[PDB]
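>>> Task: produce atomic coordinates for the following.
(2 chains)
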Amino acid sequence: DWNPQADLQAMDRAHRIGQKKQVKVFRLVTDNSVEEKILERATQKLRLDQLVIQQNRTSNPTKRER
Amino acid sequence: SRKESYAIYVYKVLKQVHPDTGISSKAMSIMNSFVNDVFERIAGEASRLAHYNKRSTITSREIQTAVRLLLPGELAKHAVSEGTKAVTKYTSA
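Residues are numbered from 1 along each chain as shown, chains lettered A, B, ... in the order given. Provided below are the atomic coordinates:
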């Protein structure tokens, strides 16, 4: 999805309080595809945001019919 | 005085399709009348056409386009090619 935090929002469905097993995420990305750019753009929107959040918490012709 | 019409240019074309067919004056008046109209009908719209795009000089494209506005379908495809050929023949020499 073109929204990484929504991707983050969705993934943690099973990884919360009460999860008694290891959460094993398997994202499907198509090789040699445009999906490669979305994820890179998804990373682009991710890192423009994570960098500051981490600082915040720390500080035809002639064919007539007729 | 001298008043002009199209019958002579008609009559060569007549002889181009029917080289041995006559035509009455009542008919010849009809063609002179007929051709004058068909000129006029397109002539206006293409003029209008220029106004529509705020452009200020009539070209063959507008004529081309204007013909597409009037003539039905298959015939339009014919003449537009013939319009295409002649200018190409004209522009080439």
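
>>> helix/strand/coil for residue A:15?
Per DSSP: H, G, I helix; E, B strand; the rest coil, the local secondary structure of residue A:15 is coil.

>>> what's the closest non-adjacent residue to it?
Using C-beta to C-beta, 6 or more residues apart in numbering or on different chains and skipping the chain neighbours, the partner closest in space to residue A:15 is residue A:23 (4.1 Å). For the C-beta atoms, the positions are set from N, CA and C on the backbone; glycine is no exception.

>>> how much space between that neighbour and residue A:3?
Residue A:23 is 20 Å from residue A:3, where distance means C-beta to C-beta, to the nearest Å.

>>> Could you do residue A:64 as well?
59 Å.

>>> ok, now residue B:72?
53 Å.

>>> do residue A:13 as well
Distance from residue A:13 to residue A:3, by C-beta to C-beta: 15 Å.

>>> quick revisit: which of residue B:72 and residue A:3 has more residues huddled nearby?
Neighbour totals were compared for residue B:72 and residue A:3, and residue A:3 leads with 11 against 7 (other C-beta atoms under 10 Å in any protein chain shown).

>>> which bits of chain B sit near chain A?
Within chain B, the positions lying close to chain A (C-beta under 8 Å from any C-beta of the partner chain) are B:74-75, B:77-78, B:81-82.
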